[PDB]
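All residue numbers in this chain count up from 1 along the given sequence. Scope of the values below: all heavy atoms of this structure, side chains included, with no hydrogens, waters or symmetry mates.
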Amino acid sequence: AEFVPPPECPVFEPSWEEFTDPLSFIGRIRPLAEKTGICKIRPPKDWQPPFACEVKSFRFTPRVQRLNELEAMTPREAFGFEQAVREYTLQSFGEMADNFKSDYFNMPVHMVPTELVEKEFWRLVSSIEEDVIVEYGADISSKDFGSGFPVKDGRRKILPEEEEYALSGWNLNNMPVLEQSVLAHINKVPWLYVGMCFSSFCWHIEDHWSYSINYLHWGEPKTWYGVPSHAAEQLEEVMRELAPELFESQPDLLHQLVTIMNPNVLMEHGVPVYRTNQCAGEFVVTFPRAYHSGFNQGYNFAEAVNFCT
Ligand SMILES: CCCO[C@@H](c1cc2nccc(C(=O)O)c2[nH]1)c1ccccc1Cl
Ligand SMILES: [Mn+2]
């Protein structure tokens, strides 16, 4: 009855030698990681970049997420006016996020097991008797208040011990993003995600089937689910079979806005699914055409960008 956690995706702990170049390292781990879709990379213990966002000015309006919006399809009065998008700071969002989680579980936020938040998230997604609503500071451009990584653009001070991280290849601002094409001869920045408990992103692949790299700067873990690219057509078949008929014929770019599905449903149809808990300071790499989704365990701050090889 309860949620069955998928098997864990690979976790790599590269030495300082292997950590020298990200593209070479990802190319070496590819024979295994491309068979799981996603993988986690723990940097060496002494690799600790600072947080370089403009915190004093960081203001955002997170989007409202109703967990059971799809199960509710199968009309309430004044639908569409459930909750307005409101402005937070990092501090005020974190206070709201911690208060929500501690009130919901009746525990301190860091004492709640990750398996319990996971089991409760999927129960709420399919629940018609309990309407839980959360907020997600998602798709915040790094050009607004700066990247979480230090950058040498002359906008914010960089200490001498921090210059290493502004020049590091693992700095998401230093990832290659320019795809090769003839049009490029004839003629992208990271995004930020401020999460709270139960805030989520649904199943999707990247534009142009691109790689993606994701870094959790700080906070509570981000829970991931990934499908290897060799099962991409299997997942899309399961989606079309079980998606509402109103959304079944929608283009993939639009359907990916509401592609929420319990991983056990995919596993029961033969789709291989892997999971991981991405903790603060760890990278998650998604491979080409690897479907992925997930949710946040609590107040956290992530940075993501598509990169090309
Ligand atoms: C309201 C959340 C927005 O969801 C993003 C999103 C993608 C993504 N990929 C990796 C990690 C996260 C993460 O929220 O941490 C992601 N969020 C998204 C979901 C489906 C389709 C397209 C887009 Cl743009
Ligand atoms: Mn993604």
Practice problem: Start with the C-alpha distance between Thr259 and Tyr291, add both sets of side-chain angles, then the distance that settles side-chain contact (heavy atoms from CB on, under 4.5 Å), and finish with yes or no. | Solution: CA-CA 11 Å; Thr259 38; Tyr291 273 96; over 6 Å; no
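- Between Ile29 and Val285 the shortest side-chain heavy-atom distance does not fall below 4.5 Å.
- Summarising the geometry of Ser147 relative to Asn173, their closest heavy-atom pair is OG-ND2, 2.9 Å, with the distance given to 0.1 Å.
- By the 4.5 Å heavy-atom criterion applied to side chains, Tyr88 and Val194 are not counted as neighbours.
- Between the side chain of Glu18 and the backbone N or O of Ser15 there is at least one donor-acceptor pair closer than 3.5 Å.
- Closest heavy-atom contact between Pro228 and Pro272: CD-O, 3.5 Å.
- Residues meeting the salt bridge (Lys or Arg N to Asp or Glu O under 4.0 Å) test with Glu164, sequence neighbours left out: none.
- Applying side chain to side chain donor-acceptor pair (under 3.5 Å) to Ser212 and the options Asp207, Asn306, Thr286 leaves one that passes, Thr286.
- With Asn174 contributing its side chain and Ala166 its backbone, the two residues share a donor-acceptor pair below 3.5 Å.
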Quiz item: Taking it one step at a time, do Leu266 and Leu235 satisfy side-chain contact (heavy atoms from CB on, under 4.5 Å)?
Solution: CA-CA 7 Å; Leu266 292 164; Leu235 176 142; 3.9 Å; yes
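- Between the side chains of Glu118 and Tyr225, at least one donor N or O sits under 3.5 Å from an acceptor N or O.
- Between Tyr193 and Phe201, the closest side-chain pair of non-hydrogen atoms is not below 4.5 Å.
- Every side-chain contact (heavy atoms from CB on, under 4.5 Å) that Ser102 has, sequence neighbours left out, goes to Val109.
- In the hydrophobic cluster analysis, where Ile, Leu, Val, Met, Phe, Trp and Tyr join through side-chain heavy atoms closer than 4.5 angstrom, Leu167 is grouped apart from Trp16.
- Remark: the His110 side chain and the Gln297 side chain contain no N/O donor-acceptor pair separated by less than 3.5 Å.
- Between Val64 and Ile133, the closest side-chain pair of non-hydrogen atoms falls below 4.5 Å.
- The backbone N or O of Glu135 sits nowhere less than 3.5 Å from a side-chain atom of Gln83 that would complete a donor-acceptor pair.
- Here the side chain of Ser210 pairs a donor or acceptor atom with the backbone of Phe307 at under 3.5 angstrom.
- Side-chain contact between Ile213 and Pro22 is absent, with no heavy-atom pair separated by less than 4.5 Å.
- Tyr274 pairs by the ring-ring contact (aromatic ring centres under 6.0 Å, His included) definition with nothing, not counting sequence neighbours.
- Residues forming a ring-ring contact (aromatic ring centres under 6.0 Å, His included) with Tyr215 (at least two apart in sequence, or on another chain): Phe149, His217, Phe283.
- Aromatic ring centres of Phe93 and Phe60: separated by under 6.0 Å.
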Quiz prompt | Derivation of the side-chain contact (heavy atoms from CB on, under 4.5 Å) call for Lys152 and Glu163 | solution = CA-CA 8 Å; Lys152 306 215 71 180; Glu163 182 175 37; 2.8 Å; yes
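- Applying the salt bridge (charged side-chain N to carboxylate O under 4.0 Å, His left out) test to every pair with at least one member in residues 221-231, sequence neighbours left out, gives no pairs at all.
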Exercise. I would like to know whether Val112 and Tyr104 meet side-chain contact (heavy atoms from CB on, under 4.5 Å); could you show each step before the answer?
Key: CA-CA 10 Å; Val112 189; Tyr104 191 88; over 6 Å; no
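- Remark: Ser200 pairs with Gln65, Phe121, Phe295 by the side-chain contact (heavy atoms from CB on, under 4.5 Å) rule, at least two apart or across chains.
- By the salt bridge (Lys or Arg N to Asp or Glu O under 4.0 Å) test, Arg289 pairs with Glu233, sequence neighbours left out.
- Residues satisfying the salt bridge (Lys or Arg N to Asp or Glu O under 4.0 Å) criterion with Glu303, sequence neighbours excluded, are absent altogether.
- The shortest distance between side-chain heavy atoms of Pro288 and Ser229 does not fall below 4.5 Å.
- Taking the salt bridge (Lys or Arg N to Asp or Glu O under 4.0 Å) definition, one finds that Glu13 meets it with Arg42, sequence neighbours left out.
- Under the rule for a side chain to side chain donor-acceptor pair (under 3.5 Å), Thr36 has no partner lying at least two apart in sequence or in another chain.
- Taking the side chain as every heavy atom from C-beta outward, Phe58 and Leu192 approach each other to under 4.5 Å.
- With salt bridges taken as basic N to acidic carboxylate O contacts below 4.0 Å, one links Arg275 and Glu8.
- For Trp218, the ring-ring contact (aromatic ring centres under 6.0 Å, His included) partners are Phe51, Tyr299, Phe301, not counting sequence neighbours.
- Applying the salt bridge (charged side-chain N to carboxylate O under 4.0 Å, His left out) rule to pairs touching residues 90-104 yields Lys101-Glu220, sequence neighbours excluded.
- In the hydrophobic clustering of this structure, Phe287 groups with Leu32; members are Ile, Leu, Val, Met, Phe, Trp, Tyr whose side-chain heavy atoms approach within less than 4.5 Å, directly or through other members.
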